[PDB]
file work-v2.cif (mmCIF, C-alpha atoms)
data_model
loop_
_atom_site.group_PDB
_atom_site.id
_atom_site.type_symbol
_atom_site.label_atom_id
_atom_site.label_comp_id
_atom_site.auth_asym_id
_atom_site.auth_seq_id
_atom_site.Cartn_x
_atom_site.Cartn_y
_atom_site.Cartn_z
ATOM 1 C CA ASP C 2 140.009 1.858 76.502
ATOM 2 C CA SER C 3 141.576 2.521 79.903
ATOM 3 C CA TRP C 4 145.344 2.144 79.376
ATOM 4 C CA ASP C 5 147.813 4.031 77.205
ATOM 5 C CA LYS C 6 150.057 2.306 74.692
ATOM 6 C CA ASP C 7 152.842 4.069 76.595
ATOM 7 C CA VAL C 8 151.990 2.274 79.844
ATOM 8 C CA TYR C 9 150.788 -0.988 78.236
ATOM 9 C CA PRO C 10 152.136 -1.474 74.705
ATOM 10 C CA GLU C 11 149.831 -3.478 72.442
ATOM 11 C CA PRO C 12 150.925 -4.829 69.046
ATOM 12 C CA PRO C 13 148.606 -3.640 66.266
ATOM 13 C CA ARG C 14 145.562 -5.887 65.969
ATOM 14 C CA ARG C 15 145.555 -7.373 62.457
ATOM 15 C CA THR C 16 143.096 -10.090 61.442
ATOM 16 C CA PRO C 17 142.920 -11.940 58.102
ATOM 17 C CA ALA C 18 139.784 -12.161 55.956
ATOM 18 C CA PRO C 19 139.347 -15.747 54.712
ATOM 19 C CA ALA C 20 137.264 -16.426 51.616
ATOM 20 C CA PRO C 21 135.184 -19.611 52.089
ATOM 21 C CA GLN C 22 135.450 -20.658 48.443
ATOM 22 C CA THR C 23 134.053 -24.111 49.261
ATOM 23 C CA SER C 24 130.338 -24.675 48.716
ATOM 24 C CA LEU C 25 130.164 -25.771 52.352
ATOM 25 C CA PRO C 26 129.730 -22.595 54.448
ATOM 26 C CA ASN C 27 131.560 -22.333 57.748
ATOM 27 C CA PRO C 28 129.253 -22.865 60.767
ATOM 28 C CA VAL C 29 131.145 -20.615 63.162
ATOM 29 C CA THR C 30 129.682 -17.732 61.158
ATOM 30 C CA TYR C 31 126.105 -18.607 62.123
ATOM 31 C CA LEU C 32 127.314 -19.069 65.696
ATOM 32 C CA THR C 33 128.705 -15.523 65.759
ATOM 33 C CA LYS C 34 125.480 -14.093 64.323
ATOM 34 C CA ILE C 35 123.124 -15.867 66.718
ATOM 35 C CA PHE C 36 125.371 -15.055 69.694
ATOM 36 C CA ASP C 37 125.349 -11.390 68.647
ATOM 37 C CA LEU C 38 121.566 -11.331 68.235
ATOM 38 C CA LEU C 39 120.269 -13.011 71.383
ATOM 39 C CA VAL C 40 123.151 -12.354 73.804
ATOM 40 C CA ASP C 41 125.239 -9.336 72.792
ATOM 41 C CA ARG C 42 122.317 -7.034 71.975
ATOM 42 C CA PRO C 43 120.395 -7.572 75.269
ATOM 43 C CA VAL C 44 123.498 -7.249 77.433
ATOM 44 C CA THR C 45 124.383 -4.071 75.526
ATOM 45 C CA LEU C 46 120.952 -2.515 76.028
ATOM 46 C CA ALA C 47 120.897 -3.412 79.734
ATOM 47 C CA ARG C 48 124.387 -1.910 79.927
ATOM 48 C CA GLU C 49 123.079 1.263 78.289
ATOM 49 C CA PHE C 50 120.312 1.423 80.899
ATOM 50 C CA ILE C 51 122.686 1.066 83.843
ATOM 51 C CA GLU C 52 125.286 3.353 82.213
ATOM 52 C CA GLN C 53 122.825 6.210 81.802
ATOM 53 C CA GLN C 54 121.787 5.530 85.399
ATOM 54 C CA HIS C 55 125.464 5.816 86.385
ATOM 55 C CA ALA C 56 125.848 9.038 84.381
ATOM 56 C CA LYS C 57 122.797 10.417 86.196
ATOM 57 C CA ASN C 58 124.999 10.763 89.307
ATOM 58 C CA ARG C 59 128.772 10.359 88.890
ATOM 59 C CA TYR C 60 130.563 11.245 92.114
ATOM 60 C CA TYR C 61 134.216 12.141 91.743
ATOM 61 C CA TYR C 62 137.500 10.953 93.226
ATOM 62 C CA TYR C 63 141.165 11.718 92.606
ATOM 63 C CA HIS C 64 144.628 10.313 93.172
ATOM 64 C CA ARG C 65 146.235 10.580 96.606
ATOM 65 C CA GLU C 66 149.089 13.063 96.294
ATOM 66 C CA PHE C 67 152.293 12.461 98.257
ATOM 67 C CA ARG C 68 154.543 15.450 98.908
ATOM 68 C CA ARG C 69 158.149 14.278 98.892
ATOM 69 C CA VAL C 70 160.105 14.303 102.154
ATOM 70 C CA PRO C 71 163.858 14.241 102.858
ATOM 71 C CA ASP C 72 165.482 10.873 102.240
ATOM 72 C CA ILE C 73 167.162 8.620 104.802
ATOM 73 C CA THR C 74 170.582 9.609 103.445
ATOM 74 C CA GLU C 75 169.710 13.205 104.337
ATOM 75 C CA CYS C 76 168.086 11.990 107.561
ATOM 76 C CA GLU C 77 170.292 12.357 110.616
ATOM 77 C CA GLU C 78 171.564 9.509 112.776
ATOM 78 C CA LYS C 79 168.817 8.592 115.264
ATOM 79 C CA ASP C 80 166.351 11.406 114.550
ATOM 80 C CA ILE C 81 162.994 9.683 114.911
ATOM 81 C CA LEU C 82 160.880 12.306 113.104
ATOM 82 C CA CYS C 83 162.810 12.516 109.837
ATOM 83 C CA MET C 84 163.537 8.797 110.206
ATOM 84 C CA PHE C 85 159.794 8.116 110.137
ATOM 85 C CA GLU C 86 159.346 10.451 107.159
ATOM 86 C CA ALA C 87 162.104 8.768 105.150
ATOM 87 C CA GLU C 88 160.981 5.268 106.132
ATOM 88 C CA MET C 89 157.423 5.867 104.937
ATOM 89 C CA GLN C 90 158.648 7.549 101.745
ATOM 90 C CA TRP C 91 160.966 4.615 101.042
ATOM 91 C CA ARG C 92 158.200 2.115 101.815
ATOM 92 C CA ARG C 93 155.884 3.757 99.292
ATOM 93 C CA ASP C 94 158.743 3.913 96.769
ATOM 94 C CA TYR C 95 159.260 0.173 97.294
ATOM 95 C CA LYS C 96 155.535 -0.359 96.726
ATOM 96 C CA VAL C 97 155.624 1.702 93.524
ATOM 97 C CA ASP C 98 158.667 -0.239 92.284
ATOM 98 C CA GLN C 99 156.925 -3.536 93.050
ATOM 99 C CA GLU C 100 154.039 -2.308 90.924
ATOM 100 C CA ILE C 101 156.568 -1.275 88.249
ATOM 101 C CA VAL C 102 157.898 -4.818 87.949
ATOM 102 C CA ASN C 103 154.311 -6.113 88.097
ATOM 103 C CA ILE C 104 153.369 -3.853 85.166
ATOM 104 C CA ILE C 105 156.375 -5.030 83.165
ATOM 105 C CA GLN C 106 155.526 -8.672 83.899
ATOM 106 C CA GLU C 107 151.940 -8.150 82.722
ATOM 107 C CA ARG C 108 153.125 -6.370 79.568
ATOM 108 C CA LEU C 109 155.587 -9.104 78.667
ATOM 109 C CA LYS C 110 153.132 -11.938 79.383
ATOM 110 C CA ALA C 111 150.756 -10.096 77.064
ATOM 111 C CA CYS C 112 153.566 -9.931 74.485
ATOM 112 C CA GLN C 113 154.062 -13.688 74.757
ATOM 113 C CA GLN C 114 150.369 -14.346 74.203
ATOM 114 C CA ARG C 115 150.135 -11.995 71.201
ATOM 115 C CA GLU C 116 153.145 -13.525 69.465
ATOM 116 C CA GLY C 117 152.023 -17.072 70.286
ATOM 117 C CA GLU C 118 154.443 -19.685 68.976
ATOM 118 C CA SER C 119 156.757 -16.867 67.816
ATOM 119 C CA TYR C 120 157.058 -15.566 71.391
ATOM 120 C CA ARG C 121 160.806 -16.226 71.372
ATOM 121 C CA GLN C 122 161.227 -14.233 68.155
ATOM 122 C CA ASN C 123 158.892 -11.336 69.010
ATOM 123 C CA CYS C 124 159.269 -10.749 72.767
ATOM 124 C CA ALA C 125 163.015 -10.152 73.261
ATOM 125 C CA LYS C 126 162.469 -6.380 73.038
ATOM 126 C CA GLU C 127 160.431 -6.467 76.245
ATOM 127 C CA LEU C 128 162.280 -9.551 77.531
ATOM 128 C CA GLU C 129 165.448 -7.495 77.950
ATOM 129 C CA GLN C 130 163.391 -4.713 79.561
ATOM 130 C CA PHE C 131 161.981 -7.064 82.195
ATOM 131 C CA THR C 132 165.470 -8.562 82.551
ATOM 132 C CA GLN C 133 167.073 -5.223 83.426
ATOM 133 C CA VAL C 134 164.107 -4.287 85.632
ATOM 134 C CA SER C 135 164.487 -7.459 87.706
ATOM 135 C CA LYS C 136 168.302 -7.357 87.682
ATOM 136 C CA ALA C 137 168.405 -3.838 89.108
ATOM 137 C CA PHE C 138 165.440 -4.548 91.408
ATOM 138 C CA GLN C 139 167.588 -7.261 92.993
ATOM 139 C CA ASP C 140 170.371 -4.812 93.874
ATOM 140 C CA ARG C 141 167.864 -2.084 94.797
ATOM 141 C CA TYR C 142 165.431 -3.903 97.123
ATOM 142 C CA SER C 143 166.105 -7.651 97.369
ATOM 143 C CA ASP C 144 168.007 -9.475 100.128
ATOM 144 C CA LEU C 145 166.809 -6.893 102.674
ATOM 145 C CA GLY C 146 165.172 -9.421 105.012
ATOM 146 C CA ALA C 147 161.725 -9.576 106.562
ATOM 147 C CA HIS C 148 162.420 -6.435 108.630
ATOM 148 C CA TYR C 149 163.550 -4.428 105.583
ATOM 149 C CA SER C 150 163.864 -0.705 106.262
ATOM 150 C CA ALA C 151 165.208 2.458 104.665
ATOM 151 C CA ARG C 152 168.414 2.190 106.703
ATOM 152 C CA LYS C 153 168.975 -1.400 105.548
ATOM 153 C CA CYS C 154 168.377 -0.404 101.922
ATOM 154 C CA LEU C 155 170.844 2.463 102.326
ATOM 155 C CA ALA C 156 173.383 0.073 103.858
ATOM 156 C CA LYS C 157 173.053 -2.387 100.965
ATOM 157 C CA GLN C 158 173.282 0.466 98.457
ATOM 158 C CA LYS C 159 176.385 1.825 100.189
ATOM 159 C CA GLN C 160 178.033 -1.606 100.205
ATOM 160 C CA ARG C 161 177.372 -1.911 96.475
ATOM 161 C CA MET C 162 178.881 1.541 95.870
ATOM 162 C CA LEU C 163 182.053 0.735 97.820
ATOM 163 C CA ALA C 164 182.336 -2.562 95.938
ATOM 164 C CA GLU C 165 182.010 -0.941 92.508
ATOM 165 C CA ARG C 166 184.272 1.992 93.418
ATOM 166 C CA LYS C 167 187.023 -0.312 94.685
ATOM 167 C CA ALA C 168 186.696 -2.647 91.692
ATOM 168 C CA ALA C 169 186.862 0.199 89.166
ATOM 169 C CA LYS C 170 189.794 1.783 91.015
ATOM 170 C CA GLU C 171 191.855 -1.416 91.103
ATOM 171 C CA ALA C 172 190.971 -2.539 87.567
ATOM 172 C CA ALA C 173 191.622 0.825 85.874
ATOM 173 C CA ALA C 174 194.886 1.527 87.732
ATOM 174 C CA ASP Y 81 139.913 8.545 109.256
ATOM 175 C CA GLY Y 82 142.554 9.869 106.900
ATOM 176 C CA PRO Y 83 146.191 8.771 106.742
ATOM 177 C CA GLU Y 84 147.226 12.098 108.280
ATOM 178 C CA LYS Y 85 145.544 10.890 111.472
ATOM 179 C CA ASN Y 86 148.003 8.018 111.845
ATOM 180 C CA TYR Y 87 150.906 10.084 110.511
ATOM 181 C CA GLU Y 88 150.642 12.902 113.065
ATOM 182 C CA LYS Y 89 149.745 10.497 115.882
ATOM 183 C CA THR Y 90 152.849 8.429 115.125
ATOM 184 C CA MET Y 91 154.931 11.617 115.010
ATOM 185 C CA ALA Y 92 153.789 12.541 118.514
ATOM 186 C CA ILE Y 93 154.176 9.010 119.902
ATOM 187 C CA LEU Y 94 157.643 8.532 118.395
ATOM 188 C CA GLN Y 95 158.882 11.889 119.682
ATOM 189 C CA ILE Y 96 157.544 11.257 123.192
ATOM 190 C CA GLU Y 97 159.012 7.761 123.419
ATOM 191 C CA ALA Y 98 162.407 8.815 122.029
ATOM 192 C CA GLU Y 99 162.525 11.558 124.661
ATOM 193 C CA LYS Y 100 161.693 8.940 127.293
ATOM 194 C CA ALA Y 101 164.456 6.650 125.996
ATOM 195 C CA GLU Y 102 167.335 9.097 126.046
ATOM 196 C CA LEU Y 103 166.059 10.530 129.337
ATOM 197 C CA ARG Y 104 166.358 7.015 130.778
ATOM 198 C CA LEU Y 105 169.904 6.747 129.415
ATOM 199 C CA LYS Y 106 170.769 10.117 130.962
ATOM 200 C CA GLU Y 107 169.247 8.873 134.228
ATOM 201 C CA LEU Y 108 171.490 5.809 134.237
ATOM 202 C CA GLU Y 109 174.615 7.842 133.468
ATOM 203 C CA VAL Y 110 173.790 10.529 136.056
ATOM 204 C CA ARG Y 111 173.142 7.891 138.714
ATOM 205 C CA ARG Y 112 176.486 6.247 137.956
ATOM 206 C CA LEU Y 113 178.334 9.570 138.176
ATOM 207 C CA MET Y 114 176.624 10.677 141.385
ATOM 208 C CA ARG Y 115 177.219 7.338 143.101
ATOM 209 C CA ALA Y 116 180.858 7.324 141.978
ATOM 210 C CA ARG Y 117 181.713 10.900 143.017
ATOM 211 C CA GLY Y 118 178.933 12.122 145.316
ATOM 212 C CA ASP Y 119 179.171 15.736 144.096
ATOM 213 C CA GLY Y 120 175.428 15.927 143.604
ATOM 214 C CA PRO Y 121 172.068 16.561 145.257
ATOM 215 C CA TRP Y 122 171.306 12.876 145.919
ATOM 216 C CA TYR Y 123 173.368 9.830 146.942
ATOM 217 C CA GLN Y 124 174.622 11.887 149.888
ATOM 218 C CA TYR Y 125 175.498 9.840 152.945
ATOM 219 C CA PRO Y 126 175.034 10.841 156.597
ATOM 220 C CA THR Y 127 177.949 12.474 158.393
ATOM 221 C CA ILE Y 128 178.320 13.838 161.903
ATOM 222 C CA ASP Y 129 176.887 17.336 162.256
ATOM 223 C CA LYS Y 130 179.344 19.961 163.489
ATOM 224 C CA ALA Y 131 176.900 21.812 165.762
ATOM 225 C CA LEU Y 132 177.172 18.949 168.264
ATOM 226 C CA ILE Y 133 180.817 19.906 168.836
ATOM 227 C CA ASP Y 134 181.401 21.899 172.020
ATOM 228 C CA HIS Y 135 183.985 24.688 171.943
ATOM 229 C CA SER Y 136 183.903 25.905 175.557
ATOM 230 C CA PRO Y 137 187.250 26.012 177.413
ATOM 231 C CA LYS Y 138 187.793 22.588 178.955
ATOM 232 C CA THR Y 139 189.780 21.634 182.049
ATOM 233 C CA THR Y 140 192.817 20.579 180.022
ATOM 234 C CA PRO Y 141 194.104 23.674 178.172
ATOM 235 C CA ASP Y 142 195.606 22.052 175.067
ATOM 236 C CA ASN Y 143 192.680 19.749 174.324
#
call {"tool": "encode", "arguments": {"input": "work-v2.cif", "output": "structure tokens"}}
result
Amino acid sequence: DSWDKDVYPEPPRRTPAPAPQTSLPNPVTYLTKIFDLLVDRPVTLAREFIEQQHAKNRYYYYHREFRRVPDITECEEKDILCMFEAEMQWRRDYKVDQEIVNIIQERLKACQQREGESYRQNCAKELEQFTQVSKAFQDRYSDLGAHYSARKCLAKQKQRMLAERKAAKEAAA
Amino acid sequence: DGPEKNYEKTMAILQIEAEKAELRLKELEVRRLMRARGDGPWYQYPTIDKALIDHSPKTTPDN
């Protein structure tokens, strides 16, 4: 495997065991056996050859670390250095959030395919998760325009905060 | 090359061009002030030099 059940939940794989009580024996059996014998076994042994060749020399690589930098809210008005720092940090945060919603979409499409016809019954748990992810993604990054920037995101965020503050103040006396 | 290449190069370029920009703005403002008031090294206009004036006693006493 290459993905945790924490990052990509997978429902437990349960398969039934039919008993072919009829005298007629199912053909798909013989198809699985011949496919295993003259296809699966040779591809597996060729894979073993190239995998031991790979393990002969396995060069290494790591993740690209990113030391955090002061945010645009901390960044001063028209200070190009810290402005550049915050803009790049916010751009990579936007990229990571785009991949967050991508991951959730993949997980929930997987959920739909596992549950099949019962997708409506057995996907709402992740359906609400993708719903909140997209709903808050809209007020976090959407509507920023083609020239979206950290300052524009901060402006939209600020406008949302004034709106909610005023609404809560007027509603609750 | 690594991302730090572009990062530090962009730092230098951005700093240099921002300095150029507000220096140009200061140039415009300084030029306006010096043309409006004239209390500065440039924008001075020619005026008659005093050393041409003659102070010797003339024929008429109360010149």
call {"tool": "closest_residue", "arguments": {"input": "work-v2.cif", "among": "C:49, C:84, C:122, C:156", "to": "residue 71 (chain C)", "atoms": "only C-alpha atoms"}}
result
C:84
call {"tool": "interface_residues", "arguments": {"input": "work-v2.cif", "of": "chain Y", "to": "chain C", "cutoff": "9 Å", "atoms": "all atoms listed in the file", "output": "list in words"}}
result
residues 90, 91, 92, 94, 95 and 98 of chain Y
call {"tool": "axis_aligned_box", "arguments": {"input": "work-v2.cif", "around": "region 41-51 of chain C", "padding_each_side": "3 Å", "output": "JSON"}}
result
{"center_x": 122.8, "center_y": -4.0, "center_z": 77.9, "size_x": 10.9, "size_y": 16.8, "size_z": 17.9}
call {"tool": "resolve_selection", "arguments": {"input": "work-v2.cif", "expression": "the PyMOL selection byres ((chain C and resi 104-117) around 9)", "output": "list in words"}}
result
residues 8, 9, 10, 11, 12, 99, 100, 101, 102, 103, 118, 119, 120, 121, 122, 123, 124, 127, 128, 130, 131 and 134 of chain C
call {"tool": "atom_distance", "arguments": {"input": "work-v2.cif", "atom1": "CA of residue 16 (chain C)", "atom2": "CA of residue 34 (chain C)"}}
result
18.3 Å
call {"tool": "residues_near_point", "arguments": {"input": "work-v2.cif", "point": "(168.3, 8.6, 105.9)", "cutoff": "9 Å", "atoms": "all atoms listed in the file", "output": "number ranges by chain"}}
result
C: 71-78, 83-84, 87-88, 151-152, 155
call {"tool": "atom_distance", "arguments": {"input": "work-v2.cif", "atom1": "CA of residue 139 (chain C)", "atom2": "CA of residue 97 (chain C)"}}
result
15.0 Å
call {"tool": "atom_distance", "arguments": {"input": "work-v2.cif", "atom1": "CA of residue 120 (chain Y)", "atom2": "CA of residue 108 (chain Y)"}}
result
14.3 Å
